[PDB]
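**Student:** To start, I am sharing the structure in question, which I have written as structure tokens.
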Amino acid sequence: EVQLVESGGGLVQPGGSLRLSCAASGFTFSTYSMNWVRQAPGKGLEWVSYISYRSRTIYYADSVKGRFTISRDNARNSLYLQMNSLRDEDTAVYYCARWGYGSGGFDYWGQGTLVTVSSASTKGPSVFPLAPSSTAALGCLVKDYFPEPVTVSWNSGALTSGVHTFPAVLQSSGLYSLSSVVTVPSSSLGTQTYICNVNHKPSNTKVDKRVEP
Amino acid sequence: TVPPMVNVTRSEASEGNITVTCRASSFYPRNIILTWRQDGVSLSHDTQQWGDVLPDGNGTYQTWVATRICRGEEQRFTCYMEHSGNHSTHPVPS
Amino acid sequence: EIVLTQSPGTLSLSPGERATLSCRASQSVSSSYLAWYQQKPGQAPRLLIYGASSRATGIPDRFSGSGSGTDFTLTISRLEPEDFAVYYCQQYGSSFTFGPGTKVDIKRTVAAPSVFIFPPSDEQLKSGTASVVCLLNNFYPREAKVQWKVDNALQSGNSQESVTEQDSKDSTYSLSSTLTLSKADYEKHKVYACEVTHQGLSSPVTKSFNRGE
Ligand SMILES: *[C@@H]1O[C@H](CO)[C@@H](O)[C@H](O)[C@H]1NC(C)=O
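Protein chains in written order, with our numbering: chain A, 1 to 213; chain B, 1001 to 1094; chain C, 2001 to 2213.
In structure tokens, the structure reads:
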């Protein structure tokens, strides 16, 4: 099966630099042209750069020419994007995409990696319980973090049905906030344990909060 | 406008490689886009050899573009042409 | 540059109907160099159609493409709820560009929201700020009004809303409204009320609590 796995995004200062990579498997990599495509938050798709399977033909979008360099190492099944002189408008999810044999098209895509360009510092969130009052609803308030993203699971992933994790909202303070809620039978309240697992990788915060009445 | 006649040929096979040439002939006026494409993506200027747009002697023009490819990958390479609003794509003959 | 535009911007249709999506190119693009992509909310795009009319690997027959020159069409016959996505056209007649995308939403029967209110936790209260959360769970259509009243005083400018993407399974939405007050302002009032108006409710629904319970 064709698989492409991006890595290397994160928070970077304006004017800074960052190196993205894409690991390919399931096909002869040296026989396919490769691309980078990006998607700014809540925005459309924007093609970034193209490199042919022997690196002979290379193209860049005008918005990155002079600042980004695409390259590949066929012996390591690897695609790279070197990003220099980064700007705020470079903030996006960056996708690795394979170019189809003969007839073209971005026929396989990676999972994406997020690049955030800002001169604001990393801050881990506080995690507060949203307590069932007296089917029931309970949850967790993940407040005051930067940058995106935060991930939330319940009971280490064992509780999946009825979960809503809302998109983060930007506060006037410039920090992000998010709540995650789940509905459960009011019968379960006496027997079952509910723990929300919040992970904010950029700030090295893992928190497990048990939610009870 | 006279629509160009397009002919694609293979030549100079050597060292596992081959030259594919795309010839546009007897067209008018002189302005024409001619480029090799690889999986449908146009090659850059540096990977191709370019003939001048020259008069026939019959009142029309002719030109050519060539590029060097690995023998076996011919099916991935096509000649692309734009002339006064019309476009066409031609394969490497097999 | 070739610019692609797409119409309509949004398309709301019931399951089993036929969706007709339009793509327009600022100049002629040969049919071989026009492709279509589908992107579901949390995912990477996937190739749907290449060469204007050819289905990519594993694409069902209800997806079809046609067109030439400057006008292209994507047809999704017999819509399904999981077909909720943004659809992008893309050309590589010259460079690589995407259209802005068309969002396709699934229409469904009116469903009223289940409303819950959550008081600020005692932990968050250590910290001098108080967040009151109101949950609107599983409703349709998305239009909804949420109003905060403290001591029956309507609040303005101090709440933020967040809405889930339309659920792929049941096409419902969920929404959160978060009221933010200082610990000072919170402990000077007693009744905290969330009032929601929706098409599925014959009359507005109010959830409330008293500070201390
Ligand atoms: C053959 O052609 C390929 C592709 O153009 C080129 O990269 C390579 O250098 C050539 N090899 C030889 C031995 O000439």
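Where a beta carbon is used, it is the ideal one built from N, C-alpha and C, also for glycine.
What does A/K143 reach in chain C if we use C-beta pairs closer than 7 Å?
**Tutor:** Taking the first sequence and counting its residues from 1, the one referred to as residue 143 of chain A is at position 143. The answer, in chain order, is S2131.
**Student:** How big is the Cα-Cα spacing for A/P125 and A/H200?
**Tutor:** On the first sequence, position 125 is the one that residue 125 of chain A refers to. On the first sequence, position 200 is the one that residue 200 of chain A refers to. One C-alpha to the other measures close to 8 Å.
**Student:** Taking the Cβ atom as the reference point for each residue, do B/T1067 and B/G1051 lie within a distance shorter than 7 Å?
**Tutor:** Counting from 1 along the second sequence, the entry for residue 1067 of chain B is found at position 67. Counting from 1 along the second sequence, the entry for residue 1051 of chain B is found at position 51. Their beta carbons are not under 7 Å apart, which means B/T1067 does not touch B/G1051 by this criterion.
**Student:** Which chain A residues sit within Cβ distance under 8 Å of B/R1076?
**Tutor:** Counting from 1 along the second sequence, the entry for residue 1076 of chain B is found at position 76. The answer, in chain order, is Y101 and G102.
**Student:** Are the beta-carbon atoms belonging to C/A2056 and A/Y95 less than 7 Å from one another?
**Tutor:** By one-based count along the third sequence, residue 2056 of chain C stands at place 56. By one-based count along the first sequence, residue 95 of chain A stands at place 95. Contact: no.
**Student:** Could you check whether the Cβ of C/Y2050 sits closer than 7 Å to any Cβ belonging to chain B?
**Tutor:** On the third sequence, position 50 is the one that residue 2050 of chain C refers to. No, C/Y2050 does not count as interfacial toward chain B.
**Student:** In three-state terms, what does DSSP make of C/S2171?
**Tutor:** Walking along the third sequence from the start, residue 2171 of chain C turns up at place 171. Three-state result, C/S2171: coil.
**Student:** Relative to the alpha-carbon of A/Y53, which residue among A/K65, A/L79, A/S33 and A/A23 has its alpha-carbon at the smallest distance?
**Tutor:** Counting from 1 along the first sequence, the entry for residue 53 of chain A is found at position 53. Comparing Cα-Cα distances from A/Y53 to each of A/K65, A/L79, A/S33 and A/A23, the minimum goes to A/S33.
**Student:** With a CB to CB cut of under 7 Å and the five nearest residues on each side skipped, what residues in its chain are close to residue 297 of chain A?
**Tutor:** What is shown of chain A runs 1 to 213, which leaves residue 297 of chain A out entirely.
**Student:** Residues bridged to residue 2283 of chain C by DSSP?
**Tutor:** The first residue shown for chain C is 2001 and the last is 2213, placing residue 2283 of chain C beyond what the model contains.
**Student:** Across which residues does DSSP place A/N197 in a beta bridge pair?
**Tutor:** Here residue 197 of chain A refers to the residue found at position 197 of the first sequence. Partner(s): A/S153 and A/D208.
**Student:** Give me the pocket residues for ligand 1, defined as CB within less than 7 Å of any heavy atom, sorted by chain position.
**Tutor:** Qualifying residues, in the order they occur: A/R54, A/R56, B/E1015, B/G1016, B/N1017, B/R1068, B/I1069 and B/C1070.
**Student:** Residues of chain A with a CB under 7 Å from the CB of B/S1044: which are they?
**Tutor:** The sequence position of residue 1044 of chain B within the second sequence is 44, counting from 1. Residues of chain A passing the Cβ test: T57.
**Student:** Would you verify that the beta carbon of B/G1057 is, or is not, closer than 7 Å to some beta carbon of chain C?
**Tutor:** Here the question's residue 1057 of chain B lines up with position 57 in the second sequence. Not an interface residue.
**Student:** If you count every other CB in all the chains shown that lies within 10 Å of the CB of B/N1017, and 16 or more means buried, which is it?
**Tutor:** Residue numbering aside, residue 1017 of chain B sits at position 17 when the second sequence is read from its first letter. B/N1017 should be labelled exposed.
**Student:** Would A/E6 be called buried (16 or more neighbouring beta carbons within 10 Å of its own) or exposed?
**Tutor:** The sequence position of residue 6 of chain A within the first sequence is 6, counting from 1. Its Cβ being crowded by 16 or more others within 10 Å, A/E6 is buried.
**Student:** Got a sec? Which residues, its chain only, sit under 8 Å from residue 1103 of chain B by beta carbon, not counting five neighbours each side?
**Tutor:** In the structure as shown, chain B starts at 1001 and stops at 1094, and residue 1103 of chain B therefore has no counterpart that could be examined.
**Student:** Just tell me which of C/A2035, C/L2074, C/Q2124 and C/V2115 has its CA closest to the CA of C/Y2092.
**Tutor:** In the third sequence, counting from the first residue as 1, residue 2092 of chain C sits at position 92. Measuring from the Cα of C/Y2092, the nearest candidate turns out to be C/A2035.
**Student:** So what's A/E6 in DSSP terms, helix, strand or just coil?
**Tutor:** Working through the first sequence from its first residue, we reach residue 6 of chain A at position 6. Correct three-state label for A/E6: strand.
**Student:** Verify the CB distance criterion: does B/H1087 have a CB-CB separation below 7 Å to chain F?
**Tutor:** Protein chains A, B and C are contained in the structure displayed, whereas chain F is not.
**Student:** DSSP three-state label for A/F29, please.
**Tutor:** Numbered from 1 along the first sequence, position 29 holds the residue referred to as residue 29 of chain A. The answer is helix: DSSP assigns A/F29 an H, G or I state.
**Student:** What's the call for A/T28, buried or exposed, on a 16-neighbour Cβ count within 10 Å?
**Tutor:** Sequence index remark: in the first sequence, residue 28 of chain A carries index 28 (1-based). So A/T28 ends up on the exposed side.
**Student:** Suppose you measure from the CA of C/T2005 to the CA of A/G9; what does that come to, to the nearest Å?
**Tutor:** Taking the first residue of the third sequence as 1, we reach residue 2005 of chain C at position 5. Taking the first residue of the first sequence as 1, we reach residue 9 of chain A at position 9. Straight-line Cα distance between these residues: approximately 30 Å.
**Student:** May I ask you to verify whether the segment 127 to 144 of chain A touches the segment 176 to 187 of chain A, counting CB pairs closer than 8 Å and requiring at least 3?
**Tutor:** As far as the Cβ criterion goes, the segment 127 to 144 of chain A touches the segment 176 to 187 of chain A, which means the pair count is three or higher.
**Student:** I'd like the list of long-range same chain contacts for A/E46, defined as Cβ closer than 6 Å, with 5 residues on each side in sequence excluded.
**Tutor:** For the purposes of this step, residue 46 of chain A is taken as residue 46 along the first sequence, with counting starting at 1. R38.
**Student:** If the criterion is Cβ atoms closer than 7 Å, does the pair C/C2134 and C/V2150 meet it?
**Tutor:** On the third sequence, residue 2134 of chain C is found 134 positions in, with the first residue counted as 1. On the third sequence, residue 2150 of chain C is found 150 positions in, with the first residue counted as 1. Against a cut-off of 7 Å, the Cβ pair of C/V2150 and C/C2134 comes out as no contact.
**Student:** In chain B, which residues lie less than 8 Å from A/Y94 when you measure between Cβ atoms?
**Tutor:** As a working note, residue 94 of chain A is residue 94 in the first sequence. Here the premise fails: no neighbours, minimum Cβ distance about 20 Å.
**Student:** Buried or exposed: C/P2008, going by 16 or more other Cβ atoms within 10 Å of its Cβ?
**Tutor:** Against the third sequence, residue 2008 of chain C aligns to sequence position 8. Looking at its Cβ environment, which holds fewer than 16 other Cβ atoms inside 10 Å, C/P2008 is exposed.
**Student:** Checking contacts by CB at 7 Å: is C/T2020 closer than that to chain A?
**Tutor:** As a position in the third sequence, residue 2020 of chain C is number 20, starting the count at 1. Answer no: the Cβ-Cβ gap between C/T2020 and chain A never drops below 7 Å.
**Student:** How would you list, in chain order, the residues of chain A whose beta-carbon sits under 9 Å from the beta-carbon of B/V1041?
**Tutor:** Taking the first residue of the second sequence as position 1, residue 1041 of chain B is located at position 41. Correct list: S33, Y50, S52, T57, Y59, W99 and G104.
**Student:** Quick check on DSSP: helix, strand or coil for C/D2105?
**Tutor:** Within the third sequence, residue 2105 of chain C is the residue found at index 105, counting from 1. Strand at C/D2105.
**Student:** Return the chain-ordered list of same chain residues with a C-beta closer than 7 Å to the C-beta of B/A1013, the five sequence neighbours on each side being excluded.
**Tutor:** Reading the second sequence from its first residue, position 13 is the one you call residue 1013 of chain B. Excluding sequence neighbours, B/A1013 sits near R1071.
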